[PDB]
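Participant: Contents are PDB, C-alpha atoms; file name work_31.pdb:
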```
ATOM      1  CA  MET A   1    -208.930 -44.751  12.881  1.00  0.00           C
ATOM      2  CA  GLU A   2    -208.322 -42.804  16.090  1.00  0.00           C
ATOM      3  CA  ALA A   3    -206.285 -46.023  16.698  1.00  0.00           C
ATOM      4  CA  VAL A   4    -204.524 -45.749  13.358  1.00  0.00           C
ATOM      5  CA  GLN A   5    -203.709 -42.027  13.976  1.00  0.00           C
ATOM      6  CA  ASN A   6    -202.350 -42.769  17.452  1.00  0.00           C
ATOM      7  CA  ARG A   7    -200.227 -45.524  15.987  1.00  0.00           C
ATOM      8  CA  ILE A   8    -199.032 -43.212  13.232  1.00  0.00           C
ATOM      9  CA  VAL A   9    -197.984 -40.432  15.575  1.00  0.00           C
ATOM     10  CA  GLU A  10    -196.312 -42.779  18.017  1.00  0.00           C
ATOM     11  CA  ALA A  11    -194.236 -44.455  15.335  1.00  0.00           C
ATOM     12  CA  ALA A  12    -193.184 -41.099  13.806  1.00  0.00           C
ATOM     13  CA  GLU A  13    -192.177 -39.693  17.217  1.00  0.00           C
ATOM     14  CA  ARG A  14    -189.811 -42.627  17.791  1.00  0.00           C
ATOM     15  CA  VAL A  15    -187.776 -41.489  14.786  1.00  0.00           C
ATOM     16  CA  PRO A  16    -184.697 -39.502  15.742  1.00  0.00           C
ATOM     17  CA  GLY A  17    -184.836 -35.826  14.661  1.00  0.00           C
ATOM     18  CA  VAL A  18    -188.619 -35.654  14.820  1.00  0.00           C
ATOM     19  CA  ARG A  19    -189.783 -32.845  17.077  1.00  0.00           C
ATOM     20  CA  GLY A  20    -193.438 -33.655  17.119  1.00  0.00           C
ATOM     21  CA  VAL A  21    -196.170 -34.319  14.618  1.00  0.00           C
ATOM     22  CA  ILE A  22    -197.664 -30.947  13.573  1.00  0.00           C
ATOM     23  CA  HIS A  23    -200.305 -32.169  11.229  1.00  0.00           C
ATOM     24  CA  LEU A  24    -201.809 -35.461  10.234  1.00  0.00           C
ATOM     25  CA  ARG A  25    -204.476 -36.145   7.686  1.00  0.00           C
ATOM     26  CA  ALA A  26    -205.476 -39.718   7.216  1.00  0.00           C
ATOM     27  CA  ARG A  27    -208.456 -41.483   5.491  1.00  0.00           C
ATOM     28  CA  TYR A  28    -209.467 -45.071   4.924  1.00  0.00           C
ATOM     29  CA  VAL A  29    -209.867 -46.237   1.430  1.00  0.00           C
ATOM     30  CA  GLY A  30    -211.384 -49.674   1.854  1.00  0.00           C
ATOM     31  CA  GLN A  31    -209.011 -51.512   4.231  1.00  0.00           C
ATOM     32  CA  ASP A  32    -206.243 -49.093   3.094  1.00  0.00           C
ATOM     33  CA  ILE A  33    -205.034 -45.913   4.744  1.00  0.00           C
ATOM     34  CA  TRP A  34    -203.897 -42.940   2.765  1.00  0.00           C
ATOM     35  CA  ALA A  35    -202.046 -40.326   4.909  1.00  0.00           C
ATOM     36  CA  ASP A  36    -200.246 -37.001   4.719  1.00  0.00           C
ATOM     37  CA  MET A  37    -198.154 -35.784   7.746  1.00  0.00           C
ATOM     38  CA  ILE A  38    -196.001 -32.773   8.579  1.00  0.00           C
ATOM     39  CA  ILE A  39    -193.308 -33.357  11.191  1.00  0.00           C
ATOM     40  CA  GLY A  40    -191.422 -30.713  13.204  1.00  0.00           C
ATOM     41  CA  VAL A  41    -187.679 -30.750  12.793  1.00  0.00           C
ATOM     42  CA  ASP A  42    -184.727 -28.692  14.225  1.00  0.00           C
ATOM     43  CA  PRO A  43    -184.642 -25.376  12.250  1.00  0.00           C
ATOM     44  CA  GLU A  44    -180.886 -25.773  11.964  1.00  0.00           C
ATOM     45  CA  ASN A  45    -181.077 -29.144  10.204  1.00  0.00           C
ATOM     46  CA  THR A  46    -180.075 -28.892   6.554  1.00  0.00           C
ATOM     47  CA  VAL A  47    -182.959 -29.430   4.036  1.00  0.00           C
ATOM     48  CA  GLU A  48    -181.144 -32.663   3.065  1.00  0.00           C
ATOM     49  CA  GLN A  49    -181.110 -33.900   6.716  1.00  0.00           C
ATOM     50  CA  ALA A  50    -184.767 -32.914   7.073  1.00  0.00           C
ATOM     51  CA  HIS A  51    -185.541 -34.955   3.915  1.00  0.00           C
ATOM     52  CA  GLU A  52    -183.670 -37.983   5.449  1.00  0.00           C
ATOM     53  CA  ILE A  53    -185.769 -37.639   8.636  1.00  0.00           C
ATOM     54  CA  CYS A  54    -188.969 -37.624   6.489  1.00  0.00           C
ATOM     55  CA  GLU A  55    -187.721 -40.674   4.629  1.00  0.00           C
ATOM     56  CA  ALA A  56    -186.995 -42.452   7.986  1.00  0.00           C
ATOM     57  CA  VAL A  57    -190.481 -41.502   9.223  1.00  0.00           C
ATOM     58  CA  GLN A  58    -192.094 -42.831   6.083  1.00  0.00           C
ATOM     59  CA  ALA A  59    -190.219 -46.143   6.430  1.00  0.00           C
ATOM     60  CA  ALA A  60    -190.901 -46.425  10.271  1.00  0.00           C
ATOM     61  CA  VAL A  61    -194.597 -45.612  10.023  1.00  0.00           C
ATOM     62  CA  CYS A  62    -195.322 -47.930   7.014  1.00  0.00           C
ATOM     63  CA  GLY A  63    -193.235 -50.644   8.711  1.00  0.00           C
ATOM     64  CA  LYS A  64    -195.338 -50.412  11.912  1.00  0.00           C
ATOM     65  CA  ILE A  65    -198.744 -49.955  10.321  1.00  0.00           C
ATOM     66  CA  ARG A  66    -199.052 -52.307   7.360  1.00  0.00           C
ATOM     67  CA  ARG A  67    -202.482 -51.028   6.312  1.00  0.00           C
ATOM     68  CA  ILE A  68    -200.970 -47.709   5.159  1.00  0.00           C
ATOM     69  CA  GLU A  69    -200.845 -47.879   1.373  1.00  0.00           C
ATOM     70  CA  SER A  70    -199.590 -44.351   0.813  1.00  0.00           C
ATOM     71  CA  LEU A  71    -198.021 -41.798   3.171  1.00  0.00           C
ATOM     72  CA  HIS A  72    -196.393 -38.441   2.321  1.00  0.00           C
ATOM     73  CA  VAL A  73    -194.194 -36.821   5.060  1.00  0.00           C
ATOM     74  CA  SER A  74    -192.839 -33.313   4.866  1.00  0.00           C
ATOM     75  CA  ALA A  75    -191.038 -31.221   7.548  1.00  0.00           C
ATOM     76  CA  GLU A  76    -191.341 -27.719   9.008  1.00  0.00           C
ATOM     77  CA  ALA A  77    -189.100 -25.884  11.504  1.00  0.00           C
ATOM     78  CA  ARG A  78    -190.081 -26.379  15.108  1.00  0.00           C
ATOM     79  CA  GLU A  79    -188.474 -25.314  18.378  1.00  0.00           C
ATOM     80  CA  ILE A  80    -187.872 -27.554  21.382  1.00  0.00           C
TER      81      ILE A  80
ATOM     82  CA  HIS B   1    -206.510 -16.724 -18.071  1.00  0.00           C
ATOM     83  CA  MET B   2    -205.423 -19.578 -15.783  1.00  0.00           C
ATOM     84  CA  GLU B   3    -202.472 -20.767 -17.977  1.00  0.00           C
ATOM     85  CA  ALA B   4    -201.105 -17.216 -18.378  1.00  0.00           C
ATOM     86  CA  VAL B   5    -201.440 -16.758 -14.592  1.00  0.00           C
ATOM     87  CA  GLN B   6    -199.601 -20.005 -13.880  1.00  0.00           C
ATOM     88  CA  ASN B   7    -196.670 -19.008 -16.122  1.00  0.00           C
ATOM     89  CA  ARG B   8    -196.578 -15.572 -14.332  1.00  0.00           C
ATOM     90  CA  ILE B   9    -196.519 -17.291 -10.882  1.00  0.00           C
ATOM     91  CA  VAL B  10    -193.591 -19.455 -12.113  1.00  0.00           C
ATOM     92  CA  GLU B  11    -191.630 -16.474 -13.463  1.00  0.00           C
ATOM     93  CA  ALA B  12    -192.203 -14.357 -10.345  1.00  0.00           C
ATOM     94  CA  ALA B  13    -191.025 -17.220  -8.130  1.00  0.00           C
ATOM     95  CA  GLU B  14    -188.002 -18.056 -10.277  1.00  0.00           C
ATOM     96  CA  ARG B  15    -186.553 -14.454  -9.870  1.00  0.00           C
ATOM     97  CA  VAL B  16    -186.258 -14.834  -6.027  1.00  0.00           C
ATOM     98  CA  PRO B  17    -182.615 -15.638  -4.979  1.00  0.00           C
ATOM     99  CA  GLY B  18    -182.169 -19.204  -3.803  1.00  0.00           C
ATOM    100  CA  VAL B  19    -185.099 -20.631  -5.802  1.00  0.00           C
ATOM    101  CA  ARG B  20    -184.046 -23.620  -7.936  1.00  0.00           C
ATOM    102  CA  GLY B  21    -187.089 -23.924 -10.056  1.00  0.00           C
ATOM    103  CA  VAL B  22    -190.697 -24.700  -9.340  1.00  0.00           C
ATOM    104  CA  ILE B  23    -191.189 -28.455  -8.702  1.00  0.00           C
ATOM    105  CA  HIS B  24    -194.974 -28.299  -8.344  1.00  0.00           C
ATOM    106  CA  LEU B  25    -197.778 -25.797  -8.796  1.00  0.00           C
ATOM    107  CA  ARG B  26    -201.531 -26.150  -8.136  1.00  0.00           C
ATOM    108  CA  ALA B  27    -203.899 -23.212  -8.637  1.00  0.00           C
ATOM    109  CA  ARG B  28    -207.678 -23.190  -8.191  1.00  0.00           C
ATOM    110  CA  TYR B  29    -210.317 -20.456  -8.514  1.00  0.00           C
ATOM    111  CA  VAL B  30    -212.106 -19.795  -5.156  1.00  0.00           C
ATOM    112  CA  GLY B  31    -214.316 -16.758  -5.854  1.00  0.00           C
ATOM    113  CA  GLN B  32    -212.745 -14.751  -8.718  1.00  0.00           C
ATOM    114  CA  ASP B  33    -209.512 -15.184  -6.748  1.00  0.00           C
ATOM    115  CA  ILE B  34    -206.822 -17.786  -7.177  1.00  0.00           C
ATOM    116  CA  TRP B  35    -205.734 -20.034  -4.315  1.00  0.00           C
ATOM    117  CA  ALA B  36    -202.414 -21.773  -5.046  1.00  0.00           C
ATOM    118  CA  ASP B  37    -199.860 -24.282  -3.489  1.00  0.00           C
ATOM    119  CA  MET B  38    -196.235 -24.510  -4.816  1.00  0.00           C
ATOM    120  CA  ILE B  39    -193.073 -26.481  -4.084  1.00  0.00           C
ATOM    121  CA  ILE B  40    -189.842 -24.713  -5.021  1.00  0.00           C
ATOM    122  CA  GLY B  41    -186.471 -26.475  -5.324  1.00  0.00           C
ATOM    123  CA  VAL B  42    -183.756 -25.109  -2.983  1.00  0.00           C
ATOM    124  CA  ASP B  43    -180.043 -25.911  -2.110  1.00  0.00           C
ATOM    125  CA  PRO B  44    -180.012 -29.202  -0.071  1.00  0.00           C
ATOM    126  CA  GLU B  45    -177.422 -27.672   2.204  1.00  0.00           C
ATOM    127  CA  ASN B  46    -179.531 -24.614   3.241  1.00  0.00           C
ATOM    128  CA  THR B  47    -180.968 -24.968   6.726  1.00  0.00           C
ATOM    129  CA  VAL B  48    -184.675 -25.525   7.147  1.00  0.00           C
ATOM    130  CA  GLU B  49    -185.084 -22.046   8.561  1.00  0.00           C
ATOM    131  CA  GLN B  50    -183.165 -20.623   5.547  1.00  0.00           C
ATOM    132  CA  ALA B  51    -185.450 -22.600   3.272  1.00  0.00           C
ATOM    133  CA  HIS B  52    -188.487 -21.262   5.060  1.00  0.00           C
ATOM    134  CA  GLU B  53    -187.219 -17.648   4.504  1.00  0.00           C
ATOM    135  CA  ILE B  54    -186.902 -18.328   0.783  1.00  0.00           C
ATOM    136  CA  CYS B  55    -190.511 -19.706   0.692  1.00  0.00           C
ATOM    137  CA  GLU B  56    -191.770 -16.593   2.549  1.00  0.00           C
ATOM    138  CA  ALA B  57    -189.964 -14.392   0.061  1.00  0.00           C
ATOM    139  CA  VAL B  58    -191.458 -16.313  -2.887  1.00  0.00           C
ATOM    140  CA  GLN B  59    -194.918 -15.913  -1.293  1.00  0.00           C
ATOM    141  CA  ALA B  60    -194.478 -12.023  -1.150  1.00  0.00           C
ATOM    142  CA  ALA B  61    -192.909 -11.684  -4.606  1.00  0.00           C
ATOM    143  CA  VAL B  62    -195.676 -13.725  -6.333  1.00  0.00           C
ATOM    144  CA  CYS B  63    -198.595 -12.195  -4.351  1.00  0.00           C
ATOM    145  CA  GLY B  64    -197.225  -8.708  -5.037  1.00  0.00           C
ATOM    146  CA  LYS B  65    -196.980  -9.376  -8.782  1.00  0.00           C
ATOM    147  CA  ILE B  66    -200.396 -11.127  -9.125  1.00  0.00           C
ATOM    148  CA  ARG B  67    -203.324  -9.300  -7.382  1.00  0.00           C
ATOM    149  CA  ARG B  68    -205.878 -12.046  -8.213  1.00  0.00           C
ATOM    150  CA  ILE B  69    -203.833 -14.384  -5.985  1.00  0.00           C
ATOM    151  CA  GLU B  70    -205.777 -14.614  -2.745  1.00  0.00           C
ATOM    152  CA  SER B  71    -203.804 -17.409  -1.017  1.00  0.00           C
ATOM    153  CA  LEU B  72    -200.413 -19.020  -1.717  1.00  0.00           C
ATOM    154  CA  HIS B  73    -198.643 -21.647   0.233  1.00  0.00           C
ATOM    155  CA  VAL B  74    -194.982 -22.321  -0.661  1.00  0.00           C
ATOM    156  CA  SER B  75    -192.910 -25.287   0.562  1.00  0.00           C
ATOM    157  CA  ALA B  76    -189.371 -26.292  -0.420  1.00  0.00           C
ATOM    158  CA  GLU B  77    -187.602 -29.543  -1.418  1.00  0.00           C
ATOM    159  CA  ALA B  78    -183.904 -30.358  -1.946  1.00  0.00           C
ATOM    160  CA  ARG B  79    -182.758 -29.831  -5.561  1.00  0.00           C
ATOM    161  CA  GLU B  80    -179.372 -29.809  -7.494  1.00  0.00           C
TER     162      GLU B  80
END
```
Output the file's structure in the form of structure tokens.
Facilitator:
Amino acid sequence: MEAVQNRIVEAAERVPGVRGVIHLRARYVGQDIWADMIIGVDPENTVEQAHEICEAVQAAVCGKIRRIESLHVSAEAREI
Amino acid sequence: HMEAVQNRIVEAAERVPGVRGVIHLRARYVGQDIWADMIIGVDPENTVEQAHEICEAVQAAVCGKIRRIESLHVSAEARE
């Protein structure tokens, strides 16, 4: 679980356009992980581009951690 | 009272420029007061920081029109 969270954050931070993981909430349900994450993104990204980054994060994270059964990713403005 | 309040939250939010409808609304009583979370639609081509300014404006408009609202979080998604 601290393992799962570390893996989740690491995978999300490899996605281009992610500026950090701001919040992560994750729980086991049986052998399954349910998770909700907020990523930081460039304030000057369009909402569409931010949505594409979230979509990429969702795909990257689920691809790297097969136990995740459900993951929601949204984005908030964050400065480098 | 809760259904009348929900329709008033929706109408207050929908008069703020740049709001393209309310995608999701959740409202719960915590005390006598209402705590709420909403997702508004916005222009996909707005920047994230522009979207954030719209959400902040929806938060003020709704909380100024409904005194029983104690807490409201507003987040935006791309909509046509």
Participant: I'd like the contact shell of residue 50 (chain A) - 10 Å cut-off, all atoms listed in the file, skipping same-chain residues fewer than 3 positions apart - returned as a PyMOL selection string.
Facilitator: (chain A and resi 17-18+39-47+53-56+74-77) or (chain B and resi 44+47-48+77-78)
Participant: For a test of reading the model, state the distance in Å between CA of residue 8 (chain B) and CA of residue 49 (chain B), rounded to one decimal.
Facilitator: 26.4 Å
Participant: Could you expand the PyMOL selection byres ((chain B and resi 15-29) around 7) into the explicit residues it covers here, written as a list in words?
Facilitator: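 So the PyMOL selection byres ((chain B and resi 15-29) around 7) ends up selecting residues 10, 11, 12, 13, 14, 30, 31, 32, 33, 34, 35, 36, 37, 38, 39, 40, 41, 42, 54, 58 and 79 of chain B.
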Participant: Let me know the residues the PyMOL selection byres ((chain A and resi 19-34) around 7) catches in the file above, as a PDB file with C-alpha atoms, in the frame of the given file.
Facilitator:
```
ATOM      1  CA  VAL A   9    -197.984 -40.432  15.575  1.00  0.00           C
ATOM      2  CA  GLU A  13    -192.177 -39.693  17.217  1.00  0.00           C
ATOM      3  CA  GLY A  17    -184.836 -35.826  14.661  1.00  0.00           C
ATOM      4  CA  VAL A  18    -188.619 -35.654  14.820  1.00  0.00           C
ATOM      5  CA  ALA A  35    -202.046 -40.326   4.909  1.00  0.00           C
ATOM      6  CA  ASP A  36    -200.246 -37.001   4.719  1.00  0.00           C
ATOM      7  CA  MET A  37    -198.154 -35.784   7.746  1.00  0.00           C
ATOM      8  CA  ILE A  38    -196.001 -32.773   8.579  1.00  0.00           C
ATOM      9  CA  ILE A  39    -193.308 -33.357  11.191  1.00  0.00           C
ATOM     10  CA  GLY A  40    -191.422 -30.713  13.204  1.00  0.00           C
ATOM     11  CA  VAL A  41    -187.679 -30.750  12.793  1.00  0.00           C
ATOM     12  CA  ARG A  67    -202.482 -51.028   6.312  1.00  0.00           C
ATOM     13  CA  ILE A  68    -200.970 -47.709   5.159  1.00  0.00           C
ATOM     14  CA  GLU A  69    -200.845 -47.879   1.373  1.00  0.00           C
ATOM     15  CA  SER A  70    -199.590 -44.351   0.813  1.00  0.00           C
ATOM     16  CA  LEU A  71    -198.021 -41.798   3.171  1.00  0.00           C
ATOM     17  CA  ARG A  78    -190.081 -26.379  15.108  1.00  0.00           C
TER      18      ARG A  78
END
```
Participant: Between A:48, A:80, A:66, A:59, which residue has the minimum interatomic distance to chain B, considering only C-alpha atoms?
Facilitator: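 Under the stated criterion, the closest residue is A:48.
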Participant: From the list B:57, B:4, B:63, B:76, which residue is nearest chain A when using all atoms listed in the file?
Facilitator: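 Nearest to chain A: B:76.
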Participant: Pick out the closest residue to chain B from this set: A:65, A:15, A:73, A:4. Count all atoms listed in the file.
Facilitator: A:73
Participant: I'd like the interatomic distance between CA of residue 5 (chain A) and CA of residue 62 (chain A), to a tenth of an Å.
Facilitator: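 Distance reported for this atom pair: 12.4 Å.
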Participant: Kindly compute an axis-aligned box around the listed atoms of region 65-70 of chain A, allowing 4 Å on each side, and express its centre and edge lengths in Å to one decimal as JSON.
Facilitator:
```
{"center_x": -200.6, "center_y": -48.3, "center_z": 5.6, "size_x": 11.7, "size_y": 16.0, "size_z": 17.5}
```
Participant: Here is a test: counting only C-alpha atoms, which residue of B:69, B:64, B:74, B:9 is nearest to chain A?
Facilitator: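 Closest residue, counting only C-alpha atoms: B:74.
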Participant: In Å to one decimal, how far is CA of residue 8 (chain A) from CA of residue 73 (chain B)?
Facilitator: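 Pair CA of residue 73 (chain B) / CA of residue 8 (chain A) returns 25.2 Å.
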Participant: Rank B:61, B:1, B:6, B:43 by their smallest atom-to-atom distance to chain A, using all atoms listed in the file, and report the top residue only.
Facilitator: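 Looking at the shortest contact to chain A, the residue is B:43.
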Participant: Taking only C-alpha atoms into account, name the residue in B:80, B:70, B:56, B:45 that is nearest to chain A.
Facilitator: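 Among the listed residues, the smallest separation from chain A belongs to B:45.
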